[PDB]
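This report concerns only the one structure given below.
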Amino acid sequence: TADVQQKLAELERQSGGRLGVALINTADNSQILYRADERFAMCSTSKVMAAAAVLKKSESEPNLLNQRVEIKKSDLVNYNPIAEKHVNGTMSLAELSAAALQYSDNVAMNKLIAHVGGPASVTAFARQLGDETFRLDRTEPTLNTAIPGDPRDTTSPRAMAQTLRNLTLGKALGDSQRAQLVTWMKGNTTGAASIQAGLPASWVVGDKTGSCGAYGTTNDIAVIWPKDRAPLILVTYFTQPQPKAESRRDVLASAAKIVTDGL
Ligand SMILES: [Cl-]
């Protein structure tokens with residue numbers, strides 16, 4: 001509706017920043033879109049694509065998720081809540097996937113990236129799925145610079161919603177691997193203040209958040225199972241003009257409420 005568009009424009013104005021939204025309602029194959037073809041820095045939401053690239057690779061290498069990866073002090077970056085507990089030991093690729101998706105562990109992300117061949121390989125995986133917008137340019141932590149106008153480490157809301165639908169509800173991944181990604185995302189510990197905060201308590205959500213720590217950039221990408229309804233995919237990206245702007249997860253929650261009200 002023009003109503004929902006008006007409400008998103010008003011939310012964006014009040015917030016002082018730039019808001020990107022894409023909702024896919026699988027009940028009727030409809031979309032609600034707001035700046036959905038503009039580029040936004042992904043921040044940690046890019047962890048979904050890295051984990052999915054490793055899952056795709058595991059379809060032809062059954063030992064892969066069990067493969068051990070050394071964690072060293074030289075691997076630590078800016079935020080390592082799980083990896084810091086395993087320094088001088090190993091973690092499996094499954095454990096790194098869960099740490100990246102459920103705790104936003106940046107060492108875990110770098111190990112997933114390295115395993116598949118680096119940022120260009122994560123990007124080539126996205127291209128193989130039919131996503132010609134996603135670009136992972138850098139590793140952690142520098143992928144988070146979020147400079148306005150910089151296309152590095154960005155995607156569009158439309159593209160990420162369509163790709164997340166393919167990954168979690170479609171056939172991008174084999175049945176076991178799809179189920180594994182959904183289980184990982186449903187087990188996220190970091191998303192209650194974002195999309196989930198704008199949805200009824202009963203709805204079931206798998207999501208990955210991302211706060212770059214620069215330009216107050218605050219994002220969330222989610223698969224949503226409303227009570228007794230077909231699932232939704234919702235992507236909400238937000239970034240602000242000031243380099244040291246504070247995070248605005250409430251803006252993502254407000255957008256989520258606007259685009260789902262009535263469902
Ligand atoms: Cl409620």
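Going by the structure tokens order, chains are called A, B, ..., each with residues numbered from 1, while ligands are numbered from 1 in the order shown.
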
Subject >> Neighbour list for residue 21 in chain A as a PyMOL selection string, cut-off 12 Å, only C-alpha atoms, skip fewer than 6 positions in-chain >> reply: chain A and resi 4-5+8-9+11-12+31-40+155-161+195+219-222+233-238+251-260

Dump N, CA and C atoms for the selected residues as a CSV table (one decimal), in the first residue's frame?
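Final output, selection-v6.csv:
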chain,number,residue,atom,x,y,z
A,4,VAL,N,1.9,1.8,3.7
A,4,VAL,CA,3.1,1.2,4.2
A,4,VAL,C,4.3,2.0,3.6
A,5,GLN,N,4.3,2.5,2.4
A,5,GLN,CA,5.4,3.2,1.8
A,5,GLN,C,5.5,4.6,2.6
A,8,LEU,N,7.0,3.9,6.0
A,8,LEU,CA,8.5,3.7,6.0
A,8,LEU,C,9.2,5.0,5.7
A,9,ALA,N,8.7,5.8,4.8
A,9,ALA,CA,9.4,7.1,4.6
A,9,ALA,C,9.4,7.9,5.8
A,11,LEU,N,9.2,6.8,9.0
A,11,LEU,CA,10.2,6.2,9.9
A,11,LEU,C,11.6,6.6,9.5
A,12,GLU,N,11.9,6.5,8.2
A,12,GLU,CA,13.3,6.9,7.8
A,12,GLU,C,13.6,8.3,8.1
A,31,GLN,N,5.9,-8.8,-2.6
A,31,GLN,CA,7.0,-8.1,-2.0
A,31,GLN,C,6.6,-6.7,-1.5
A,32,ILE,N,7.2,-6.2,-0.4
A,32,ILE,CA,7.2,-4.9,0.0
A,32,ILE,C,8.6,-4.4,0.0
A,33,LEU,N,8.8,-3.3,-0.7
A,33,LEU,CA,10.2,-2.8,-1.1
A,33,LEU,C,10.4,-1.4,-0.7
A,34,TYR,N,11.5,-1.0,-0.1
A,34,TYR,CA,11.8,0.4,0.2
A,34,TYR,C,13.3,0.5,0.0
A,35,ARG,N,13.7,1.4,-0.9
A,35,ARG,CA,15.1,1.5,-1.4
A,35,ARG,C,15.8,0.2,-1.6
A,36,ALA,N,14.9,-0.7,-2.2
A,36,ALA,CA,15.3,-2.1,-2.2
A,36,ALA,C,16.4,-2.5,-3.2
A,37,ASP,N,16.7,-1.5,-4.2
A,37,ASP,CA,17.8,-1.7,-5.1
A,37,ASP,C,19.0,-0.9,-4.8
A,38,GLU,N,19.0,-0.1,-3.7
A,38,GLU,CA,20.2,0.6,-3.3
A,38,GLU,C,21.1,-0.3,-2.5
A,39,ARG,N,22.4,0.0,-2.6
A,39,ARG,CA,23.4,-0.8,-1.8
A,39,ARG,C,23.6,-0.3,-0.4
A,40,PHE,N,23.7,-1.3,0.5
A,40,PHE,CA,23.9,-1.1,1.9
A,40,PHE,C,25.1,-2.0,2.4
A,155,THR,N,25.2,-5.2,-0.4
A,155,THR,CA,24.2,-5.8,-1.2
A,155,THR,C,23.0,-4.9,-1.2
A,156,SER,N,22.0,-5.3,-1.9
A,156,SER,CA,20.7,-4.6,-1.9
A,156,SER,C,19.7,-5.4,-1.1
A,157,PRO,N,18.6,-4.7,-0.5
A,157,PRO,CA,17.6,-5.4,0.2
A,157,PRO,C,16.9,-6.5,-0.7
A,158,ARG,N,16.6,-6.1,-1.9
A,158,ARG,CA,15.9,-7.0,-2.8
A,158,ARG,C,16.7,-8.3,-3.0
A,159,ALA,N,18.0,-8.1,-3.3
A,159,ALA,CA,18.8,-9.2,-3.6
A,159,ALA,C,19.0,-10.1,-2.3
A,160,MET,N,19.2,-9.5,-1.2
A,160,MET,CA,19.5,-10.4,0.0
A,160,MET,C,18.2,-11.1,0.5
A,161,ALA,N,17.0,-10.5,0.3
A,161,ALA,CA,15.8,-11.2,0.6
A,161,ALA,C,15.6,-12.3,-0.3
A,195,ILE,N,14.6,-7.2,14.2
A,195,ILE,CA,13.4,-7.6,13.6
A,195,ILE,C,12.4,-8.2,14.6
A,219,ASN,N,21.7,-3.7,10.9
A,219,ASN,CA,21.0,-4.5,9.9
A,219,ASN,C,20.5,-5.8,10.5
A,220,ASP,N,19.6,-6.4,9.9
A,220,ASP,CA,19.0,-7.7,10.3
A,220,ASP,C,18.4,-8.4,9.0
A,221,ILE,N,18.7,-9.7,8.9
A,221,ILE,CA,18.1,-10.4,7.8
A,221,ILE,C,17.4,-11.7,8.4
A,222,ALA,N,16.2,-12.0,8.1
A,222,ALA,CA,15.4,-13.0,8.8
A,222,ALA,C,14.5,-13.8,7.9
A,233,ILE,N,10.2,-13.7,4.4
A,233,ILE,CA,11.6,-13.3,4.4
A,233,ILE,C,11.6,-11.8,4.6
A,234,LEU,N,12.4,-11.2,5.5
A,234,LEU,CA,12.5,-9.8,5.8
A,234,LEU,C,14.0,-9.4,6.0
A,235,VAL,N,14.3,-8.4,5.2
A,235,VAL,CA,15.7,-7.8,5.3
A,235,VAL,C,15.4,-6.3,5.7
A,236,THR,N,16.2,-5.8,6.7
A,236,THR,CA,16.1,-4.4,7.1
A,236,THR,C,17.5,-3.9,7.2
A,237,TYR,N,17.9,-2.9,6.4
A,237,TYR,CA,19.2,-2.3,6.5
A,237,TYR,C,19.1,-0.9,6.9
A,238,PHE,N,20.0,-0.4,7.7
A,238,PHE,CA,20.0,1.0,8.2
A,238,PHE,C,21.4,1.6,8.4
A,251,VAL,N,14.9,1.0,15.0
A,251,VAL,CA,14.5,1.4,13.6
A,251,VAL,C,14.2,0.1,12.8
A,252,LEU,N,15.0,-1.0,13.0
A,252,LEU,CA,14.7,-2.2,12.3
A,252,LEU,C,13.4,-2.8,12.9
A,253,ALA,N,13.2,-2.8,14.2
A,253,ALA,CA,12.0,-3.3,14.8
A,253,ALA,C,10.8,-2.5,14.3
A,254,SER,N,10.9,-1.2,14.2
A,254,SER,CA,9.8,-0.4,13.7
A,254,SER,C,9.4,-0.7,12.2
A,255,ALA,N,10.4,-0.9,11.4
A,255,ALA,CA,10.2,-1.3,10.0
A,255,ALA,C,9.5,-2.6,9.9
A,256,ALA,N,10.0,-3.6,10.7
A,256,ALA,CA,9.4,-4.9,10.8
A,256,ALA,C,7.9,-4.8,11.1
A,257,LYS,N,7.6,-4.0,12.1
A,257,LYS,CA,6.2,-3.9,12.5
A,257,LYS,C,5.3,-3.3,11.4
A,258,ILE,N,5.9,-2.3,10.7
A,258,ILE,CA,5.1,-1.6,9.7
A,258,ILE,C,4.8,-2.6,8.5
A,259,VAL,N,5.8,-3.4,8.1
A,259,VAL,CA,5.6,-4.2,6.9
A,259,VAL,C,4.8,-5.5,7.2
A,260,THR,N,4.7,-5.9,8.5
A,260,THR,CA,3.9,-7.1,8.8
A,260,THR,C,2.6,-6.8,9.4

Subject >> Residues of range 26-260 of chain A in alpha helix (DSSP H), written as a ChimeraX atom specification >> reply: /A:47-58,93-103,106-116,119-128,157-168,175-186,249-260

Original post:
Looking at only C-alpha atoms, which of A:19, A:50, A:94, A:263 is the one that sits closest to residue 134 in chain A?
Top reply: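 Nearest candidate to residue 134 in chain A out of A:19, A:50, A:94, A:263: A:50.
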
Closest atom pairs, chain A residues within 12 Å of ligand 1, only C-alpha atoms and all ligand atoms, as a tab-separated table:
residue	atom	partner	partner_atom_place_in_ligand_line	distance
A:196	CA	ligand 1	1 (Cl)	10.5
A:197	CA	ligand 1	1 (Cl)	9.6
A:198	CA	ligand 1	1 (Cl)	9.2
A:199	CA	ligand 1	1 (Cl)	7.1
A:200	CA	ligand 1	1 (Cl)	3.7
A:201	CA	ligand 1	1 (Cl)	4.2
A:202	CA	ligand 1	1 (Cl)	6.4
A:203	CA	ligand 1	1 (Cl)	8.5
A:204	CA	ligand 1	1 (Cl)	11.8
A:226	CA	ligand 1	1 (Cl)	11.3
A:227	CA	ligand 1	1 (Cl)	11.1
A:257	CA	ligand 1	1 (Cl)	11.3
A:261	CA	ligand 1	1 (Cl)	12.0

Export, as a tab-separated table (two decimals), in the first residue's frame, the selected residues with C-alpha atoms.
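And here is the file that came out, part_18.tsv:
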chain	number	residue	atom	x	y	z
A	196	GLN	CA	12.03	-9.83	16.40
A	197	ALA	CA	11.26	-6.75	18.52
A	198	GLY	CA	8.71	-5.62	15.92
A	199	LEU	CA	6.92	-8.96	15.58
A	200	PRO	CA	4.42	-10.70	17.88
A	201	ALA	CA	6.07	-12.79	20.59
A	202	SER	CA	4.63	-16.04	19.18
A	203	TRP	CA	6.29	-15.78	15.76
A	204	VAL	CA	9.32	-17.97	15.11
A	226	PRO	CA	4.14	-16.37	11.68
A	227	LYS	CA	1.60	-18.35	13.65
A	257	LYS	CA	6.17	-3.90	12.52
A	261	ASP	CA	0.99	-5.27	10.41

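For the set A:247, A:189, A:63, A:102, the residue with the smallest atom-to-atom gap to residue 48 in chain A is A:102, counting only C-alpha atoms.
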
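For the atom pair formed by CA of residue 25 in chain A and CA of residue 6 in chain A, the distance is 19.6 Å, given to one decimal.
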
**OP:** Give me the residues within 9 Å of range 116-126 of chain A as a list in words, counting only C-alpha atoms and dropping any in the same chain fewer than 2 places off.
**Re:**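 Within the cut-off, the hits are residues 49, 50, 52, 53, 54, 56, 57, 110, 111, 112, 113, 114, 128, 129, 130, 131, 132, 133, 134, 135, 136, 137, 138, 139 and 163 of chain A.
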
Original post:
Near residue 74 in chain A, counting only C-alpha atoms, which residues have an atom at most 12 Å away, once you skip same-chain residues fewer than 5 positions from it, shown as a ChimeraX atom specification?
Top reply: /A:83-84,87-88,107,110

Subject >> Sel. of strand (DSSP E or B) residues, range 16-200 of chain A, as a ChimeraX atom specification >> reply: /A:18-25,30-34,40-41,68-70,90-92,154-155

Original post:
So what do you get for CA of residue 170 in chain A versus CA of residue 144 in chain A, distance-wise?
Top reply: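 Rounded to one decimal, the two atoms are 28.8 Å apart.
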
Original post:
Using only C-alpha atoms, which residue out of A:95, A:228, A:140, A:207 lies closest to residue 164 in chain A?
Top reply: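 Checking each of A:95, A:228, A:140, A:207 against residue 164 in chain A, counting only C-alpha atoms, the winner is A:207.
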
**OP:** Please identify all polymer residues within 8 Å of residue 188 in chain A, counting only C-alpha atoms, omitting same-chain residues fewer than 3 positions from it, and present them as an MDAnalysis selection string.
**Re:** chainID A and resid 101:103 184:185 191 206:208

Restricted to C-alpha atoms, what would the selected residues look like written as an mmCIF file, in the first residue's frame?
data_model
loop_
_atom_site.group_PDB
_atom_site.id
_atom_site.type_symbol
_atom_site.label_atom_id
_atom_site.label_comp_id
_atom_site.auth_asym_id
_atom_site.auth_seq_id
_atom_site.Cartn_x
_atom_site.Cartn_y
_atom_site.Cartn_z
ATOM 1 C CA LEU A 101 25.809 -17.260 13.017
ATOM 2 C CA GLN A 102 24.751 -17.476 16.668
ATOM 3 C CA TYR A 103 27.297 -15.176 18.372
ATOM 4 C CA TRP A 184 21.746 -22.305 13.142
ATOM 5 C CA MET A 185 19.799 -19.090 12.405
ATOM 6 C CA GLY A 191 18.558 -10.684 17.374
ATOM 7 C CA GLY A 206 15.760 -17.237 12.301
ATOM 8 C CA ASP A 207 17.848 -14.139 11.742
ATOM 9 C CA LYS A 208 21.363 -12.736 11.480
#

**OP:** In Å, rounded to a single decimal, give me how far CA of residue 230 in chain A is from CA of residue 168 in chain A.
**Re:** 13.3 Å

Subject >> Which of A:81, A:20, A:216, A:262 sits closest to residue 245 in chain A [using only C-alpha atoms] >> reply: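 Checking each candidate against residue 245 in chain A, we get A:216 as the closest.
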